[PDB]
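Structure record follows, encoded as structure tokens.
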Amino acid sequence: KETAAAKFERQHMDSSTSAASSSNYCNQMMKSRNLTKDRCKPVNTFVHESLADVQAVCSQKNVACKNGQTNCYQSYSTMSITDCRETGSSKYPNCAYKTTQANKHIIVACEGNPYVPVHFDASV
DNA sequence: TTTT
């Protein structure tokens, strides 16, 4: 079983690109990390930061969770994020999404020993 | 699957 934080890594992290490449980039990656298998995920955002620095967001701004929990954390900084939004046409099987690239703050939920991201919560 |  994939750990919650490994899951996070797979689902939210593309450190080997500073930003989006094509507009196909969401389609390439959503599918690359298997978010298009039974799921057709509605949206997914990808931080183009090193890991080391994204678990750094755990010790930063302690903000509420969109969903009402106290263990979320705002990035003191701006991070480049690509966001992939399901386009009407995307039909699971063969899913499609709009690649939007941004520098923004991201809020992730943390837990465990060690404290790390398990949940990508929001961006601002 | 409303993205822990």
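Chain letters run A, B, ... following the sequence lines, proteins first, then strands; residues in each count from 1. The figures that follow rest on heavy atoms only: side chains count, while hydrogens, waters and symmetry mates do not.
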side-chain contact (heavy atoms from CB on, under 4.5 Å) with [X]: which residues, sequence neighbours excluded?
| X | answer |
| --- | --- |
| A:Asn62 | A:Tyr73 |
| A:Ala56 | A:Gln60 |
| A:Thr17 | A:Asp14, A:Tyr25, A:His48 |

Can you list, pair by pair, the side-chain donor-acceptor contacts under 3.5 Å of residues 104-114 of chain A, counting residues two or more places apart and other chains?
| unit_1 | atom_1 | unit_2 | atom_2 | d |
| --- | --- | --- | --- | --- |
| A:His105 | ND1 | A:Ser77 | O | 2.6 |
| A:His105 | ND1 | A:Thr78 | OG1 | 3.3 |

Task: Under 3.5 Å donor-acceptor, A:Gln74 side chain and A:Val63 backbone - done: no
Task: chain A contact limits on DNA chain B, taken 5' to 3' with a cut-off of 4.0 angstrom to heavy atoms - done: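 For DNA chain B, the relevant span reads B:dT1 to B:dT4.
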TODO: Not counting sequence neighbours, which residues clear ring-ring contact (aromatic ring centres under 6.0 Å, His included) with A:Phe46? List them please.
DONE: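 If we apply the ring-ring contact (aromatic ring centres under 6.0 Å, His included) test to A:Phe46, skipping adjacent residues, there are no hits.
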TODO: Could you tell me which residues satisfy ring-ring contact (aromatic ring centres under 6.0 Å, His included) with A:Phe8, sequence neighbours excluded, listed by chain and number?
DONE: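 Expected list: A:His12.
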Open item on the list: Give the residues of residues 1-25 of chain A touching DNA chain B, defined as any heavy atom closer than 4.0 Å, sorted by residue number.
Closed with: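 When residues 1-25 of chain A is checked for heavy atoms under 4.0 Å from DNA chain B, the hits, listed by number, are A:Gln11, A:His12.
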TODO: Could you check which residues of residues 103-112 of chain A get a heavy atom under 4.0 Å from DNA chain B? Sort them by number, please.
DONE: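 Residues of residues 103-112 of chain A that come under 4.0 Å of DNA chain B are, in numerical order, A:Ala109, A:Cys110, A:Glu111.
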Task: salt bridge (charged side-chain N to carboxylate O under 4.0 Å, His left out): pairs with one or both residues in residues 36-63 of chain A, sequence neighbours excluded - done: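 Non-adjacent pairs meeting salt bridge (charged side-chain N to carboxylate O under 4.0 Å, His left out): zero.
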TODO: For residues 72-92 of chain A, pull every pair meeting salt bridge (charged side-chain N to carboxylate O under 4.0 Å, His left out), keeping only residues two or more places apart or in separate chains.
DONE: A:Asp83-A:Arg85
TODO: Pick base, sugar-phosphate or nothing for A:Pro117, based on heavy-atom distances below 4.0 Å to the nucleic acid.
DONE: nothing
Task: For A:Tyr92, side chain to side chain donor-acceptor pair (under 3.5 Å) partners two or more places apart - done: none
